[PDB]
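For reference, the chain that follows is the form deposited in one PDB entry, supplied as structure tokens.
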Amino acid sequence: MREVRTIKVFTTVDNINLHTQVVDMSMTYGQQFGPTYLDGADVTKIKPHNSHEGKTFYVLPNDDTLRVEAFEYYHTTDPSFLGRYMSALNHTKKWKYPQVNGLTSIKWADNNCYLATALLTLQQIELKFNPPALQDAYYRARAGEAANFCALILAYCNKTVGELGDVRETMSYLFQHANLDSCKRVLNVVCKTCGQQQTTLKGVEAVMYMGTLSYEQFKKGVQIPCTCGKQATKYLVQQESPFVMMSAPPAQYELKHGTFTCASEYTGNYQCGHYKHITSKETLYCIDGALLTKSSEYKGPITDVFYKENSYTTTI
């Protein structure tokens, strides 16, 4: 029929290791590679153009070499991961990432305010990621090119662009891919009936607590039901970590300058709302995507507070 015409392109799963391919310009990328993406755009149903020659396309890990490369870079073997990452990237590459008070933020789009406050929070706590994909993308994000980092957060969290997201859950996912091995927490629970029992927590469980926003109150003791039915007290015995994260269902809470690192504010309900970020510097700054305001005091519906730590031992 038609004289065969070809171009050379490269396929990849990590945008570093390239794989030479010769493609037939009369067949779609999908017929030759399976699902195929060009900087996030789905080109599966597109036939090669001359302008494509020499360009790099993402594909799914469909042979053993690509499977190993994908696991080594992303630390996942979820079959749909790369598709979800590319689908997110096609949107996040169009977002804007302004510098707000020296931090990379995200201009509002696509219901992304939970991602903005997560990204702002990471830049204020000591954290190293384990997957090279997150290491590389986070470095770019700090420099101001955060599109790949934001698309990876979405893919790791199984959230699509626009989907309702929770900051505490997002942070927990990101912490699972970070090196928290040297973090340790010891708690004690005291019941006037049953007595007392210590517990040691490690890793992500050592830096996250759900039930109170106040780190000081956590050191003093919080009231929880004992398994016997009577009210008991749980308090922090020992902490070794560079930060802690305290979370609670949103409630009116007063943030005092100098007593915390940063916080997440949620205005809304369980199906509808909006996040803002508060950071304690020379004064209290409220970052709302690209928007910035200041105040000497702050009271709002807070749901997460971050604090600095290094080593703490109770006197109780």
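For every residue, the number given is its place in the sequence shown, counted from 1.
Form deposited with a small molecule bound: not shown, discussed below.
The stretch that touches the small molecule in the deposited complex, counting heavy atoms within 4.5 Å, is 160-168, out of 93-101, 118-126, 140-148, 160-168.
Within 4.5 Å of any heavy atom of the small molecule in the deposited complex lies no heavy atom of residue 40. Within 4.5 Å of any heavy atom of the small molecule in the deposited complex lies no heavy atom of residue 50. At least one heavy atom of residue 266 is located within 4.5 Å of the small molecule in the deposited complex. The small molecule is not shown here, but in the deposited complex it comes within 4.5 Å of a heavy atom of residue 249.
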